[PDB]
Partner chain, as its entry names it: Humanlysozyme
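Here we start with a single chain on its own, the form deposited without the partner chain, put down as structure tokens.
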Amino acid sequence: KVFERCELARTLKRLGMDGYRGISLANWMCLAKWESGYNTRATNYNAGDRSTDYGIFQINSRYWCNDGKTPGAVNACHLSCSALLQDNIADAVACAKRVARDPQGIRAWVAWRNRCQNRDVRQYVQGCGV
């Protein structure tokens, strides 16, 4: 499913993402925008280390979910990577919360550092009523 901007913003707020571990809603929106374009079925294979990025937040199979073909991988969210490809984003959100709980926080996603850090991210939630 490809979410529309505000539709996603409202969904994330309802799922308790606003201010989760100090991360504002607009930051999660910026992250979702640059990682997948708000697309829940997006997948990305990393030829270099044999891991795959799954779903709306492009969560990595090496540490977060299990896809069975990634070498020396762990499953911190204790989920099949398949769960991160559903239209319903509840599981993807619960796993994103787990990633943020780590020492790096939102910084765990390099894309966030490149496209969101120290930027005016208000635009991602403006006009959405959240």
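Positions refer to the first chain, counted from 1.
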If you average the Cα B factors in the entry, which is higher, 40-48 or 88-96? 40-48
Which is higher in the entry, the mean Cα B factor of 79-87 or that of 66-74? 66-74
Using the temperature factors in the entry, find which of 27, 104, 58, 61 has the highest value at its Cα atom. 104
When the deposited Cα B-factors of this chain's modelled residues are ordered and cut into thirds, is residue 117 in the lowest, the middle or the highest one? middle
Relative to the other modelled residues in the chain, which third contains the C-alpha temperature factor of residue 15: lowest, middle or highest? middle
For residue 8, return the chain-relative third of its C-alpha B-factor as stated in the PDB record: lowest, middle or highest. lowest
